[PDB]
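As structure tokens, one chain now follows by itself in the form deposited without adenine.
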């Protein structure tokens, strides 16, 4: 039912947005866990409901595309994201990222909620993604399956420096200088399609594969971003500590997941704002 994320359709969506706003964003932000309040901090802003943009995908009140300034820099913010466990298509998830590219986005910043596999992690820690394992992608559910859209990128994109090392370095430096570097780690994120939380046996396997955190999002958007030459910064908020033991009473509870996210939200938002402030300006 969704529109193909080709150059024709993506240009149509982008042109419609360009009539509603003159703001040319250079940073795109996808609000996951810990970024529920990010839209508040955006100054001189214009909120465009997804329902008001023809052929743009719809998610829930409607999601919004928010243009404005954050730490003196032009941004576009997705409030409302598209998870594959909801039944959305590859084209649906890809289109907004490709729209970002045509609008002028050079850097994508994204947060998500994740289970902490690594035993040294604490609840509410930040794990900057330095790499990923795209289990769906290895198993023939990669977002790029189908004809390649050459206007955007190449058939066989490499993912060697997917999580830009310079952005990771800066994020770590900002954290350390503002007194919460002890909460910040870097690690490998593995995608579980979802929507089930991971069993103890699954978590144990994933930890032994060299995974630090597990979640149900983000990798698809990262692949599309890298495919079209957008630099990527991504960070997992550890919203549950994974249970590896089948005889343990401990278990992931979604309300506790949301509570951890909201508790850390002011800090995560402050962190993002202070990273954007320090980004090189040309």
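Rigid core: the largest C-alpha set superposing within 1.5 Å between the two forms. Positions refer to the first chain, counted from 1. Only residues modelled in both forms are compared.
One more form of this protein, solved in complex with adenine, exists but is not displayed; see below.
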Overlaying the pocket C-alphas and bringing adenine over as found in the entry with it bound, would you call this site open, or blocked by 3+ ligand atoms sitting within 2.4 Å of backbone or C-beta? open
Residues in which of 46-54, 222-230, 62-70, 236-244 have heavy atoms within 4.5 Å of adenine in the entry with it bound? 236-244
So which of 183, 102, 174, 113 gets a non-hydrogen atom within 4.5 Å of adenine in the entry with it bound? 113
The one option of 197, 88, 152, 163 with any heavy atom within 4.5 Å of adenine in the entry with it bound is 197
Contact with adenine in the entry with it bound for residue 216, defined as at least one heavy atom pair within 4.5 Å: yes or no? yes
Runs in sequence order between this form and the one not shown, three or more residues long, with CA shifts of 2 Å or more on the rigid core: 33-35, 38-40, 255-263
